[PDB]
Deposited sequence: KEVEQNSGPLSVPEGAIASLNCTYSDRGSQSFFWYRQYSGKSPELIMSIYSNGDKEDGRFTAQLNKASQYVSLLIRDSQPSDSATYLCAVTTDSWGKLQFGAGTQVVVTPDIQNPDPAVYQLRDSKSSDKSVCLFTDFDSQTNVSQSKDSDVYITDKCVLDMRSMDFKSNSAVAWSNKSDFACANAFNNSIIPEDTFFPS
């Protein structure tokens, strides 16, 4: 058996993401960390075989065979690092994987300007979506309470050329009652959210 630290970890950008893993087989000799993006495949990011630390870029894996413990620290965390991290343990040349640990690295929004904008379909002005954008990582978006109202979770875009990052959530609905002013009514929205 291989056990990992539970639930999703929320790490602010710049901070250290701390991943733990404990294995049962004391005769284990090889230890691994895999990174898995959502909808993608597991990718080997680190290997360690003897007690001590092993660094590679922003990763530091640590092994303590005596306490049957393996760890991975992600230094200077970037929203890029948001993925599930799997621990894998073996004895010789089966590989036993843990359930994984989801890691969410929230971006550092230094200049928030929260707002809900209305965007119209390029083919039909009758159809629209509501875009809640430019809010800081301290605001969480609540899922849709109404069956005919659709709200997506906050998502981080990065305009790499300008070194600019921004959060946004999308809401939409065919309901005649639906308006962008009421769209994110189930979330704790900043009091100064701009509603053009």
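- Going by the record, the unmodelled stretches of the deposited sequence, in order, are 1, 95 to 96, 200.
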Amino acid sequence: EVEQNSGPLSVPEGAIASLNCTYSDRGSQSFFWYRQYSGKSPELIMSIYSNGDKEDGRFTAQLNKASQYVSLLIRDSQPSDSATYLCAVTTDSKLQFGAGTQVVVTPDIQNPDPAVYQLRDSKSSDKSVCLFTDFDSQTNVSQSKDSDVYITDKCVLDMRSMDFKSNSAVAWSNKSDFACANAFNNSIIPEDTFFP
From here on, numbers count along this sequence of modelled residues.
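- When the two stretches 141 to 149 and 42 to 50 are set side by side, the higher mean Cα temperature factor goes to 141 to 149.
- Averaged over their C-alpha atoms, the temperature factors of 25 to 33 and 127 to 135 are higher for 25 to 33.
- In the deposited coordinates, the residue among 84, 90, 118, 80 with the greatest CA B-factor is 90.
- Placement of the Cα temperature factor of residue 61 within the chain: middle third of the modelled residues, per the deposited record.
- Sorting the modelled residues of the chain by their CA temperature factor places residue 17 in the lowest third.
- For residue 99, the recorded CA B-factor ranks within the middle third of the chain. Only modelled residues enter the ranking.
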